[PDB]
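# Coordinates in review
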Amino acid sequence: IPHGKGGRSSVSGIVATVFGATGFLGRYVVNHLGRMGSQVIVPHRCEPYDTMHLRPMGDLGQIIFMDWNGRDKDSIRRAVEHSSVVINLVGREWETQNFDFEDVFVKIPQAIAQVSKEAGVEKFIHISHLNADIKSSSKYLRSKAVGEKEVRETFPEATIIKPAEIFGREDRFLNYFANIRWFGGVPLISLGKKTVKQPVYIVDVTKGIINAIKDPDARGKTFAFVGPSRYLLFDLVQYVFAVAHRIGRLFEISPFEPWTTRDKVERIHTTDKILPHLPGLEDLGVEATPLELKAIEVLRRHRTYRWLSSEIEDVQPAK
Amino acid sequence: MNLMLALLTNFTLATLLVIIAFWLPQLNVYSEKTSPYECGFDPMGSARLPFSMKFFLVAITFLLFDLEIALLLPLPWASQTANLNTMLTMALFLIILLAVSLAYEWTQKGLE
Ligand SMILES: NC(=O)c1ccc[n+]([C@@H]2O[C@H](COP(=O)([O-])OP(=O)(O)OC[C@H]3O[C@@H](n4cnc5c(N)ncnc54)[C@H](OP(=O)(O)O)[C@@H]3O)[C@@H](O)[C@H]2O)c1
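Residues numbered from 1 in each chain as written, not as in the entry; some residues may be left out. Chains lettered and ligands numbered in written order. Part of a larger assembly, values for the part shown. Heavy atoms only, no water. Residues with missing side-chain atoms left out of burial classes, pairs and counts.

- Looking at the method and resolution fields of the entry, one finds cryo-EM and 3.8 Å.

Okay, structure coming up:
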């Protein structure tokens, strides 16, 4: 039950449990739950120090930390016992040299679709992507579609979310570009055919959740997040170099956290603008943010003062 | 032929240790907030570098006292010599010729 103003130090009824919550997507969620105030039980894998910038979000006794491996059952059956909602965003990029990567999107969202489901939770939420299609792409992009399909068997009403591609503040998607101060700028693959996707702004995706977390009546009704205005061009890569003007890893360096001479060069250019009958963002209101307002901020190289911004795009066509 | 391999050892050991500190163990692609910070423990300095007169005369004055020590430099080689009344009375000239250049400037230095 709620009480008083929801500024800080209130009760607000909900008791979430947000798995992951260290990466760019999982962290920025917990910031908006350390405002309205709630028992946001965040468990973390193996990181004592790398989670320290998360503590001045929970007021005093709001958040709480636990350690958990993920494959073992009861390590994820001990935190899910006292909860109201539980959302999932676990996962990564490329296959690691210890794990198997196949069932990690199958058994592990099912390992927390175990007695977690039975114990009395509600509003269990998973994530998707706008390009995860069971047609022959990719090793990561499909086998996420296994997680769309093989985990849908349990919890027949979830509101699994299907956000668009994200541009943000500390992300990897747009930041994979303009970090290519290198012996050449090679696009994918010297072509501007299907560029670009829908770069939704990360504040909207973390505002969609917290409007769905007490919506009500949003269970089973999966959602797909609208992007900015409107499609975009290959001019994006030219626009990135327009204004730019050309955790827990190791002690010295981690010798393998690469740029992946594999599927990753084409894990983003397979676009597949999916079904526009999905409800999917504006009805999960209210949020609609462009790119050309929030583009100055995260792009940051050695000029640092002089921008003189005028670069834009028409729509582009098929708008 | 080691003079010249007496120093190219010393500089390739020098440039070795800097790139195994500036490069290698470094690469800060994580959070690495290089935002507007790093401004040398301050903020934005909208002023440029202003001229300071009392810190220009210190440059020129040294340069004109630096020349005639190189004239004064071959005094130990001017010992094992011929006619030495010339050698003594000319060696005393340059020092006084350096000394007067003090005393004229010494009546106006400024807060140096
Ligand atoms: N919606 C989108 O547009 C989009 C884009 C890219 C990726 N994704 C996927 O959607 C989620 C977004 O995550 P993100 O953007 O914050 O990047 P992220 O680096 O994948 O962060 C997610 C967290 O999951 C952790 N993790 C990886 N393997 C794990 C395992 N076996 N067990 C427990 N934790 C594990 C990661 O490292 P730790 O174990 O150290 O915590 C990380 O902290 C991820 O699942 C991601 O693969 C979505």
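Don't stop here, the text continues.
### So, the overall build of chain B
- A count of helical and extended segments in chain B gives 3 helices and 0 strands.
- Secondary structure elements of chain B occur, N-terminal to C-terminal, as α-α-α.
- Against the compact-globule benchmark of 13 Å for 112 residues, chain B has a radius of gyration of 26 Å, which places it well outside the compact range.
- Expressed along its principal axes, the backbone C-alpha trace of chain B runs to roughly 75 × 50 × 15 Å. (Helix = DSSP H or I, 4+ residues; strand = E, 2+ residues; numbered from the N terminus. Rg over C-alpha atoms; globule rule 2.2 N^0.38 Å.)

### Remarks on the overall build of chain A
- When its secondary structure is counted, chain A shows 5 helices and 8 strands.
- In summary, chain A has a C-alpha radius of gyration of 20 Å against a globular reference of 20 Å for 319 residues, a match within 12%.
- The dimensions of chain A, computed from C-alpha atoms along their principal axes, are 55 × 50 × 45 Å.

### Some remarks on the packing of aromatic side chains
Residue and element names in this part refer to chain A.
- A centroid spacing of 6.2 Å and a plane angle of 80 degrees characterise the contact between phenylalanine 101 and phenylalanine 105, whose relative ring orientation is edge-to-face.
- Centroid distance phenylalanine 167 to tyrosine 201: 5.3 Å. Interplanar angle 35 degrees. Geometry classified as tilted. Pair noted here: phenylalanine 167 is in strand 6 (residues 165-167) and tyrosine 201 is in strand 7 (residues 199-201), with a separation of 34 residues, a long-range link. (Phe/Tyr/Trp six-rings, centres within 6.5 Å; stacked < 30°, edge-to-face > 60°.)

### Thoughts on the UniProt feature "transmembrane region" in chain B
All names here are of chain B.
- Feature annotation in UniProt assigns "transmembrane region" to the following positions: residues 3-23, 55-75 and 84-104.
- As annotated, residues 55-75 comprises 52% helix and 0% strand, and the C-alpha atoms at either end are separated by 33 Å.
- Its end C-alpha atoms 31 Å apart, residues 84-104 is made of 95% helix and 0% strand. (UniProt positions renumbered as here; feature names shortened; annotations may be inferred.)

### With respect to the pattern of salt bridges
- Two residues, A:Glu93 and A:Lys264, come together in a salt bridge whose shortest N-O distance is 3.4 Å.
- Between A:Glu257 and A:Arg172 there is a salt bridge, with the nearest N and O atoms lying 3.6 Å from each other. (Salt bridge = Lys/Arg side-chain N within 4 Å of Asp/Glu carboxyl O.)

### Observations regarding the interface of chain A and chain B
- Each partner contributes to the interface: chain A provides 4 residues, whereas chain B provides 5 residues.
- For the side of chain A that touches chain B, a count of residues per class yields 1 nonpolar, 1 polar and 2 charged. (Contact = heavy atoms within 4.5 Å. Nonpolar A, V, L, I, M, F, W, Y, C, P; charged D, E, K, R; others polar.)

### Section: the environment of A:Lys194
Residue and element names in this part refer to chain A.
- With respect to the secondary-structure elements, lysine 194 resides in the loop between strand 6 and strand 7.
- C-alpha separation for the pair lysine 194 and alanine 178, spaced 16 residues apart in sequence, amounts to 20 Å.
- Ignoring sequence-local partners within four residues, the contact set of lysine 194 consists of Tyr231, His269, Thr271 and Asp272.

### Comments concerning the packing of helix 1 (residues 24-36) of chain A against helix 4 (residues 202-212) of chain A
All names here are of chain A.
- Where helix 1 contacts helix 4, the two axes come as close as 10 Å, and the packing angle between them is 55 degrees. Between helix 1 and helix 4, the interaxial angle falls into the category oblique. For helix 1 against helix 4, the interelement crossing comes out right-handed. Every residue of helix 4 that contacts helix 1 at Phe24, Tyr28, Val29 and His32 is listed here: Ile202, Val203, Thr206 and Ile210.
- By residue class, the composition of the contact of helix 1 with helix 4 is 6 nonpolar, 2 polar and no charged. (Axes fitted to C-alpha atoms, helices over the stretch in contact; angles between N-to-C directions. Parallel < 35°, antiparallel > 145°, perpendicular 65-115°, else oblique. Left-handed = near helix turned anticlockwise from the far one by under 90°.)

### A few points about the side chain of A:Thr159
Residue and element names in this part refer to chain A.
- On the secondary structure map, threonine 159 appears in the loop between helix 3 (145-149) and strand 5 (161-162).
- Only 2.7 Å separates the side chain of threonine 159 from the backbone oxygen of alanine 218, close enough to count as a polar contact.
- Side-chain polar atoms of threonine 159 contact the backbone nitrogen of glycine 220, separated by 3.5 Å.
- If near-sequence neighbours (up to four positions away) are discounted, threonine 159 is found in contact with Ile125, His126, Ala218, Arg219, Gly220, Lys221, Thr222 and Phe223. (Polar contact = N/O pair within 3.5 Å; in protein donor to acceptor, adjacent residues only side chain to side chain.)

### So, the environment of A:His3
Residues and elements named next belong to chain A.
- With respect to the element layout, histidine 3 can be found in the segment before helix 1.
- In this structure the C-alpha to C-alpha distance between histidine 3 and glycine 13, which are 10 residues apart in sequence, comes to 8.5 Å.
- Aside from chain neighbours lying at most four places away, what touches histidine 3 is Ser10 and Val11.

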